[PDB]
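S.K.: what's the 3D shape of this:
(chains A and B, ligands or ions: 5)
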Amino acid sequence: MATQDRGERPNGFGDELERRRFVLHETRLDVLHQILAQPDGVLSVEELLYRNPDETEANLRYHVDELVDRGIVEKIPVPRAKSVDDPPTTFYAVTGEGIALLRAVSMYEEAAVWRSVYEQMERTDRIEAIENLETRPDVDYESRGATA
Amino acid sequence: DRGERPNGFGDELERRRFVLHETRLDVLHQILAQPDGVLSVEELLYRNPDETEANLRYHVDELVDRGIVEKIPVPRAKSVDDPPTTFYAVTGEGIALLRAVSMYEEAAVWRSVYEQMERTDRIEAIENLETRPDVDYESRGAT
Ligand SMILES: [Cl-]
Ligand SMILES: [Cl-]
Ligand SMILES: [Cl-]
Ligand SMILES: [Cl-]
Ligand SMILES: [Cl-]
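M.R.: Numbering: from 1, shown residues only, chains lettered A, B, ... in the order given. Ligands and ions are numbered 1, 2, ... in the order given. See the structure here:
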């Protein structure tokens, strides 16, 4: 987006501001930072529920669905893992555009701060099983502008 | 052990959402664009003729209350009729907040835009008032 058009704000300016205000929401940033802090950068809804035990599934889905609709989060369907009852078959990753948006509001580097907190978090057998599923997608974050 | 943020976090998000507002960003960019870095309400009304004075003043007052803009009283100039006696400047904290939302760098383009703004003689006279305070955004931006 240009800075100006004929000395005025460019046409999509107000919509860009709305997009930036949208991402500046504590539960949405919790989701985005949790995803980014995970070593392979993907999480299922079941895993997000575990990390956010004060929120309802309905509320978490509402924020994830909104994030996907806006192109900030990518919905990745995956096969059924053979080893596990009722495994997650959808995982979520942050997109290149989402990383760009987080950088624009100075909320991207904040994710790294939380890696060791989630690495050390106490896990149930079920969460350990999900974190080790063979069907977790492999996302190339380097190509999405992530810091290495 | 699953991540608690402080309450300070929610308040910082709210501060960032507050500044991501087109009229407020227009005010801030207009102030930063001015070569001496200060503007009167008369000068802001001139630049934002589609806004009501009450609404423009609302935005300025909200920016001052949050410490993003500084209100600076000055003496009454002898040289012009009914001169402004309050000028507004962006604060150090306001610069830090604009940088946090990626809105500070573009101030150089706005300077260039506003250099080309058509001026009335009244606005010219106000721009040359001896009572205009002096602010240095290089110093405020570094501290
Ligand atoms: Cl431009
Ligand atoms: Cl799930
Ligand atoms: Cl960042
Ligand atoms: Cl005035
Ligand atoms: Cl900036």
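
S.K.: Next, residue A:49: secondary structure please.
M.R.: Following DSSP: H, G, I helix; E, B strand; the rest coil, the label given to residue A:49 is helix.

S.K.: For it, grab the count of nearby residues.
M.R.: 15 (other C-beta atoms under 10 Å in any protein chain shown). (Each C-beta comes from the backbone N, C-alpha and C, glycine too.)

S.K.: give the contact list for it.
M.R.: Counting by C-beta atoms under 8 Å, 6 or more residues apart in numbering or on different chains, residue A:49 touches A:55, A:57, A:60.

S.K.: Excluding chain neighbours, what is closest to the first one?
M.R.: Nearest non-adjacent residue to residue A:55, counting by C-beta to C-beta, 6 or more residues apart in numbering or on different chains: residue A:27, 6.5 Å away.

S.K.: so which helix or strand takes in residue A:74?
M.R.: strand A:73-77 (DSSP states H and E).

S.K.: Given that strand, what are its sheet partners and their directions?
M.R.: Strand pairing for strand A:73-77, using DSSP bridges, gives strand A:90-94 (antiparallel).

S.K.: Please identify the residues of chain A in proximity to ligand 2?
M.R.: A:44, A:45, A:46, A:88 (C-beta under 5 Å from the ion).

S.K.: Any idea which residue is closest to the centre of chain A?
M.R.: residue A:32 (3.5 Å; C-alpha atoms, centre = their mean).

S.K.: got the contact list for it?
M.R.: A:23, A:67, A:72, A:73, A:94, A:98, A:102, A:107, A:111.

S.K.: gap between residue A:147 and ligand 1?
M.R.: Residue A:147 is 28 Å from ligand 1, where distance means C-beta to the ion, to the nearest Å.

S.K.: Quick check: that residue vs residue B:64, distance?
M.R.: Here the criterion is C-beta to C-beta, to the nearest Å. By it, residue A:147 lies 37 Å from residue B:64.

S.K.: next one: phi and psi at the residue nearest to the centre of chain A?
M.R.: The phi/psi pair for residue A:32 (degrees, to the nearest 10) reads phi -70, psi -40.

S.K.: And the one 4 residues further on, by the same measure?
M.R.: Reported as degrees, to the nearest 10, the phi and psi values for residue A:36 are phi -70, psi -30.

S.K.: Test my guess that it contacts residue A:94.
M.R.: Yes. Look at residue A:36 against residue A:94 with C-beta atoms under 8 Å: they come within range, at 5.8 Å.

S.K.: So the two - more neighbours on which side?
M.R.: More neighbours surround residue A:94 than the other of residue A:36 and residue A:94, with 26 against 23 (other C-beta under 10 Å).

S.K.: Contacts only, for that one.
M.R.: Residues near residue A:94 by C-beta under 8 Å, 6+ apart: A:32, A:35, A:36, A:41, A:72, A:73, A:74, A:102, A:144.

S.K.: now, which of those sits nearest ligand 1?
M.R.: Comparing the contacts of residue A:94 against ligand 1 with C-beta to the ion places residue A:102 closest, at 23.7 Å.

S.K.: Report the secondary structure state of that closest one.
M.R.: With three-state DSSP as the criterion, residue A:102 reads helix.

S.K.: number of nearby residues for it?
M.R.: By other C-beta under 10 Å, the residues close to residue A:102 number 23.

S.K.: so it touches residue A:24, yeah?
M.R.: No. Between residue A:102 and residue A:24 there is no contact under C-beta under 8 Å: 10.0 Å.

S.K.: neighbours around the closest residue in space to residue A:44 that isn't next to it in sequence, how many?
M.R.: The shortest distance from residue A:44 to any non-neighbouring residue, by C-beta to C-beta, 6+ apart, is to residue A:88 (3.5 Å). A count of neighbours around residue A:88, defined by other C-beta under 10 Å, yields 20.

S.K.: pretty sure residue A:88 contacts residue A:43?
M.R.: No. Using C-beta under 8 Å, residue A:88 is not in contact with residue A:43; the gap is 9.0 Å.
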